[PDB]
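Structure file work_16.pdb; described as PDB, C-alpha atoms and all ligand atoms.
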ATOM      1  CA  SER D   1      32.869  47.188  -4.988
ATOM      2  CA  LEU D   2      29.213  46.895  -4.013
ATOM      3  CA  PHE D   3      30.480  44.418  -1.503
ATOM      4  CA  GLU D   4      32.445  47.287   0.082
ATOM      5  CA  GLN D   5      29.841  49.994  -0.369
ATOM      6  CA  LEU D   6      27.560  47.599   1.559
ATOM      7  CA  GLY D   7      29.898  47.306   4.537
ATOM      8  CA  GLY D   8      31.518  43.947   3.941
ATOM      9  CA  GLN D   9      31.205  40.325   4.969
ATOM     10  CA  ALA D  10      29.072  40.889   8.028
ATOM     11  CA  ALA D  11      26.766  43.283   6.198
ATOM     12  CA  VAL D  12      25.913  40.812   3.405
ATOM     13  CA  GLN D  13      25.479  38.172   6.059
ATOM     14  CA  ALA D  14      23.041  40.168   8.112
ATOM     15  CA  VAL D  15      21.131  41.140   5.011
ATOM     16  CA  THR D  16      20.918  37.555   3.806
ATOM     17  CA  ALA D  17      19.708  36.452   7.219
ATOM     18  CA  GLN D  18      16.858  39.027   7.076
ATOM     19  CA  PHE D  19      16.284  37.954   3.429
ATOM     20  CA  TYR D  20      15.406  34.390   4.414
ATOM     21  CA  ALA D  21      13.430  35.580   7.399
ATOM     22  CA  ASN D  22      11.299  37.751   5.098
ATOM     23  CA  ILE D  23      10.909  34.695   2.925
ATOM     24  CA  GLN D  24       9.678  32.342   5.601
ATOM     25  CA  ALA D  25       7.324  35.082   6.704
ATOM     26  CA  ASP D  26       5.731  35.158   3.235
ATOM     27  CA  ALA D  27       3.076  32.478   2.712
ATOM     28  CA  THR D  28       3.313  32.729  -1.110
ATOM     29  CA  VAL D  29       6.935  31.418  -1.262
ATOM     30  CA  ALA D  30       7.688  30.156   2.235
ATOM     31  CA  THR D  31       6.594  26.716   0.978
ATOM     32  CA  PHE D  32       9.665  25.970  -1.198
ATOM     33  CA  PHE D  33      11.794  26.293   1.921
ATOM     34  CA  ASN D  34       9.770  23.719   3.832
ATOM     35  CA  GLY D  35      12.100  21.446   5.762
ATOM     36  CA  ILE D  36      15.082  23.405   4.494
ATOM     37  CA  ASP D  37      18.131  24.236   6.637
ATOM     38  CA  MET D  38      17.776  27.994   7.028
ATOM     39  CA  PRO D  39      21.102  28.802   8.700
ATOM     40  CA  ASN D  40      22.762  26.932   5.821
ATOM     41  CA  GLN D  41      20.710  28.720   3.223
ATOM     42  CA  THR D  42      21.853  31.926   4.893
ATOM     43  CA  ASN D  43      25.479  30.900   4.814
ATOM     44  CA  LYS D  44      25.730  29.605   1.275
ATOM     45  CA  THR D  45      23.767  32.467  -0.204
ATOM     46  CA  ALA D  46      25.916  34.912   1.711
ATOM     47  CA  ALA D  47      29.085  33.341   0.302
ATOM     48  CA  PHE D  48      27.495  33.480  -3.134
ATOM     49  CA  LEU D  49      26.522  37.179  -2.933
ATOM     50  CA  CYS D  50      29.825  38.379  -1.519
ATOM     51  CA  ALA D  51      31.452  36.814  -4.553
ATOM     52  CA  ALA D  52      28.917  38.234  -7.035
ATOM     53  CA  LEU D  53      29.082  41.606  -5.274
ATOM     54  CA  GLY D  54      32.869  41.842  -5.777
ATOM     55  CA  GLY D  55      34.107  40.062  -2.677
ATOM     56  CA  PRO D  56      37.577  38.392  -2.282
ATOM     57  CA  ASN D  57      36.662  34.658  -2.101
ATOM     58  CA  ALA D  58      34.821  33.741  -5.273
ATOM     59  CA  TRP D  59      31.912  31.244  -5.418
ATOM     60  CA  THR D  60      32.845  27.588  -5.312
ATOM     61  CA  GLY D  61      29.569  25.878  -4.407
ATOM     62  CA  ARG D  62      27.151  24.031  -6.702
ATOM     63  CA  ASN D  63      25.761  25.381  -9.961
ATOM     64  CA  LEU D  64      22.639  27.304  -9.078
ATOM     65  CA  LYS D  65      20.904  26.532 -12.391
ATOM     66  CA  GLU D  66      21.443  22.910 -11.457
ATOM     67  CA  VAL D  67      20.591  23.314  -7.771
ATOM     68  CA  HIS D  68      17.141  24.752  -8.563
ATOM     69  CA  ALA D  69      16.077  22.537 -11.541
ATOM     70  CA  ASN D  70      12.534  21.203 -11.084
ATOM     71  CA  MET D  71      11.645  23.277  -8.026
ATOM     72  CA  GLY D  72       8.598  24.940  -9.449
ATOM     73  CA  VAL D  73       9.766  28.496  -9.107
ATOM     74  CA  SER D  74       7.900  30.942 -11.348
ATOM     75  CA  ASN D  75       8.925  34.487 -12.383
ATOM     76  CA  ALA D  76       6.271  36.028 -10.165
ATOM     77  CA  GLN D  77       7.603  34.024  -7.254
ATOM     78  CA  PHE D  78      11.237  34.876  -8.057
ATOM     79  CA  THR D  79      10.211  38.531  -8.212
ATOM     80  CA  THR D  80       8.630  38.215  -4.790
ATOM     81  CA  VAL D  81      11.881  36.902  -3.312
ATOM     82  CA  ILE D  82      13.772  39.734  -4.992
ATOM     83  CA  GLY D  83      11.413  42.073  -3.139
ATOM     84  CA  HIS D  84      12.348  40.231   0.066
ATOM     85  CA  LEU D  85      15.936  41.057  -0.665
ATOM     86  CA  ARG D  86      15.057  44.716  -1.353
ATOM     87  CA  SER D  87      13.043  45.166   1.802
ATOM     88  CA  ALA D  88      15.870  43.397   3.706
ATOM     89  CA  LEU D  89      18.472  45.746   2.235
ATOM     90  CA  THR D  90      16.292  48.723   2.954
ATOM     91  CA  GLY D  91      15.553  48.084   6.599
ATOM     92  CA  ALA D  92      19.310  47.490   6.852
ATOM     93  CA  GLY D  93      19.932  51.161   6.098
ATOM     94  CA  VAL D  94      21.292  50.727   2.589
ATOM     95  CA  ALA D  95      21.037  53.842   0.372
ATOM     96  CA  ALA D  96      18.474  53.459  -2.410
ATOM     97  CA  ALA D  97      20.971  53.437  -5.290
ATOM     98  CA  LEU D  98      23.044  50.691  -3.608
ATOM     99  CA  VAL D  99      19.869  48.652  -2.911
ATOM    100  CA  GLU D 100      19.003  48.530  -6.586
ATOM    101  CA  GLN D 101      22.597  47.761  -7.493
ATOM    102  CA  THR D 102      22.622  44.848  -5.084
ATOM    103  CA  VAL D 103      19.201  43.735  -6.185
ATOM    104  CA  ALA D 104      20.470  44.045  -9.804
ATOM    105  CA  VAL D 105      23.215  41.520  -9.077
ATOM    106  CA  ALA D 106      20.726  39.266  -7.346
ATOM    107  CA  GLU D 107      18.504  39.380 -10.476
ATOM    108  CA  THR D 108      21.202  37.948 -12.679
ATOM    109  CA  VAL D 109      20.447  34.535 -11.152
ATOM    110  CA  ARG D 110      16.792  34.748 -12.177
ATOM    111  CA  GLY D 111      17.555  32.664 -15.271
ATOM    112  CA  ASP D 112      19.033  29.865 -13.160
ATOM    113  CA  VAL D 113      16.298  29.653 -10.534
ATOM    114  CA  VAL D 114      13.107  30.231 -12.580
ATOM    115  CA  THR D 115      11.780  27.124 -14.356
ATOM    116  CA  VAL D 116       8.072  27.712 -14.933
TER     117      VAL D 116
HETATM  118  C1  LIG I   1      11.905  32.159  -5.576
HETATM  119  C2  LIG I   1      13.436  32.112  -5.433
HETATM  120  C3  LIG I   1      14.217  30.882  -4.868
HETATM  121  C4  LIG I   1      13.784  29.703  -4.350
HETATM  122  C5  LIG I   1      12.331  29.194  -4.140
HETATM  123  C6  LIG I   1      14.970  29.000  -3.958
HETATM  124  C7  LIG I   1      14.934  27.779  -3.307
HETATM  125  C8  LIG I   1      16.044  27.071  -2.892
HETATM  126  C9  LIG I   1      15.969  25.824  -2.173
HETATM  127  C10 LIG I   1      14.672  25.100  -1.756
HETATM  128  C11 LIG I   1      17.269  25.438  -1.932
HETATM  129  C12 LIG I   1      17.711  24.201  -1.143
HETATM  130  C13 LIG I   1      18.130  22.993  -1.972
HETATM  131  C14 LIG I   1      17.899  21.689  -1.210
HETATM  132  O1  LIG I   1      18.759  21.317  -0.361
HETATM  133  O2  LIG I   1      16.829  21.050  -1.417
HETATM  134  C15 LIG I   1      18.130  26.474  -2.514
HETATM  135  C16 LIG I   1      19.522  26.495  -2.452
HETATM  136  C17 LIG I   1      20.346  27.534  -2.890
HETATM  137  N1  LIG I   1      19.876  28.695  -3.476
HETATM  138 FE1  LIG I   1      17.989  29.137  -3.848
HETATM  139  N2  LIG I   1      16.118  29.697  -4.219
HETATM  140  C18 LIG I   1      15.652  30.875  -4.761
HETATM  141  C19 LIG I   1      16.435  31.957  -5.114
HETATM  142  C20 LIG I   1      17.805  31.998  -4.942
HETATM  143  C21 LIG I   1      18.572  33.197  -5.189
HETATM  144  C22 LIG I   1      18.028  34.586  -5.632
HETATM  145  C23 LIG I   1      19.840  32.866  -4.902
HETATM  146  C24 LIG I   1      20.999  33.798  -4.909
HETATM  147  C25 LIG I   1      21.036  34.910  -3.883
HETATM  148  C26 LIG I   1      19.869  31.459  -4.512
HETATM  149  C27 LIG I   1      21.019  30.774  -4.154
HETATM  150  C28 LIG I   1      21.041  29.472  -3.661
HETATM  151  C29 LIG I   1      22.236  28.806  -3.161
HETATM  152  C30 LIG I   1      23.662  29.386  -3.067
HETATM  153  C31 LIG I   1      21.790  27.574  -2.719
HETATM  154  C32 LIG I   1      22.578  26.444  -2.050
HETATM  155  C33 LIG I   1      23.532  25.871  -3.095
HETATM  156  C34 LIG I   1      24.642  24.966  -2.554
HETATM  157  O3  LIG I   1      24.659  24.617  -1.334
HETATM  158  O4  LIG I   1      25.533  24.630  -3.359
HETATM  159  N3  LIG I   1      18.597  30.934  -4.478
HETATM  160  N4  LIG I   1      17.360  27.482  -3.084
HETATM  161 XE    XE I   2      23.227  41.269   0.224
END

Encoded form using structure tokens:
Amino acid sequence: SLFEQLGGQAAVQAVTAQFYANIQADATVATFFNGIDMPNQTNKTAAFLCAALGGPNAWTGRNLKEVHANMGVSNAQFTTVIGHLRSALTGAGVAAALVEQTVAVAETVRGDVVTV
């Protein structure tokens, strides 16, 4: 599973952590996460990706389409975050092919987060 090729639980965690960091460091999207609990965002998202990446414990949390309704996220902006995931995976040492495969799974949620 990509989850395994990636190195497991801790690997997805570390990558997600860097993911949000790269987000808050980007002016163009950092705004949506204003006054947002970052360690929680890191944890939930991690849980979510492990599941989507083939992990053991599947996703239980809220419906993402529902979570992000009326949030003002645009495709450009979503794309930008995806790039934050890609840079995060890259600086993490992930091999190119795996990066894109992980980013590919992340992209599936584009339809549930983008609303404008
Ligand atoms: C431009 C892209 C995105 C923006 C601006 C965004 C923004 C947010 C915000 C602001 C929240 C917090 C909700 C609140 O308490 O007010 C949230 C929660 C969440 N987002 Fe995103 N999000 C984006 C992309 C994603 C992606 C790509 C994923 C999947 C890796 C994702 C998964 C989640 C999850 C799991 C939660 C928490 C759901 C829960 O606790 O049940 N988000 N997002
Ligand atoms: Xe990840």

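Proximity ranking of D:49, D:29, D:104, D:38 relative to ligand XE 2 (chain I) places D:49 first, based on only C-alpha atoms and all ligand atoms.
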
For ligand XE 2 (chain I), collect every residue having any atom at a distance of at most 8 Å from a ligand atom (counting all atoms listed in the file); output as a compact mmCIF listing (two decimals) with C-alpha atoms, in the coordinates of the input.
# COMPACT_ATOMS: atom_id res chain seq x y z
CA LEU D 6 27.56 47.60 1.56
CA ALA D 11 26.77 43.28 6.20
CA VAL D 12 25.91 40.81 3.40
CA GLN D 13 25.48 38.17 6.06
CA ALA D 14 23.04 40.17 8.11
CA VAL D 15 21.13 41.14 5.01
CA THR D 16 20.92 37.56 3.81
CA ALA D 46 25.92 34.91 1.71
CA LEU D 49 26.52 37.18 -2.93
CA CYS D 50 29.82 38.38 -1.52
CA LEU D 85 15.94 41.06 -0.66
CA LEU D 89 18.47 45.75 2.24
CA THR D 102 22.62 44.85 -5.08
CA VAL D 103 19.20 43.74 -6.18

Take the PyMOL selection byres (((not hetatm)) within 7 of (chain I and resi 1)), apply it to the structure above, and return the hits as a PyMOL selection string.
-> chain D and resi 29+32-33+36+41+44-45+48-49+61-64+67-68+73+77-78+80-82+106-107+109-110+113

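Using the PyMOL selection byres (((chain D and resi 53) around 8) and not hetatm) on the file at hand returns these residues: residues 1, 2, 3, 49, 50, 51, 52, 54, 55, 102 and 105 of chain D.
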
Take CA of residue 76 in chain D and CA of residue 93 in chain D and report the distance between them in Å, one decimal.
->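 Calculated distance between CA of residue 76 in chain D and CA of residue 93 in chain D is 26.1 Å.
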
D:23, D:114, D:17, D:88 ranked by distance to residue 100 in chain D, top pick (using all atoms listed in the file) =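 The closest residue to residue 100 in chain D is D:88.
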
Which centre and which edge lengths, in Å to one decimal, describe the axis-aligned box that holds all listed atoms of range 76-84 of chain D after 3 Å is added on each side, as AutoDock Vina command-line options?
--center_x 10.0 --center_y 38.0 --center_z -5.0 --size_x 13.5 --size_y 14.0 --size_z 16.2

Select, from D:99, D:69, D:21, D:92, the residue with the minimum atom-to-atom distance to residue 42 in chain D, counting all atoms listed in the file.
->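 Closest candidate: D:21.
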
If you measure from CA of residue 59 in chain D to CA of residue 47 in chain D, what distance in Å do you get, rounded to one decimal?
-> 6.7 Å

Calculate how many Å separate CA of residue 79 in chain D from CA of residue 112 in chain D, rounding to one decimal.
->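 One can read the CA of residue 79 in chain D to CA of residue 112 in chain D distance as 13.3 Å.
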
Residue by residue, what does the PyMOL selection byres (((chain D and resi 116) around 9) and not hetatm) grab here? Present the result as a short mmCIF file (atom, residue, chain, number, x, y, z; two decimals) with C-alpha atoms, keeping the file's coordinate frame.
data_model
loop_
_atom_site.label_atom_id
_atom_site.label_comp_id
_atom_site.auth_asym_id
_atom_site.auth_seq_id
_atom_site.Cartn_x
_atom_site.Cartn_y
_atom_site.Cartn_z
CA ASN D 70 12.53 21.20 -11.08
CA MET D 71 11.64 23.28 -8.03
CA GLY D 72 8.60 24.94 -9.45
CA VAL D 73 9.77 28.50 -9.11
CA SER D 74 7.90 30.94 -11.35
CA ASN D 75 8.93 34.49 -12.38
CA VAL D 114 13.11 30.23 -12.58
CA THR D 115 11.78 27.12 -14.36
#

May I ask which of the residues D:87, D:40, D:108, D:24 is the closest one to residue 65 in chain D, counting all atoms listed in the file?
->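 Looking at the shortest contact to residue 65 in chain D, the residue is D:108.
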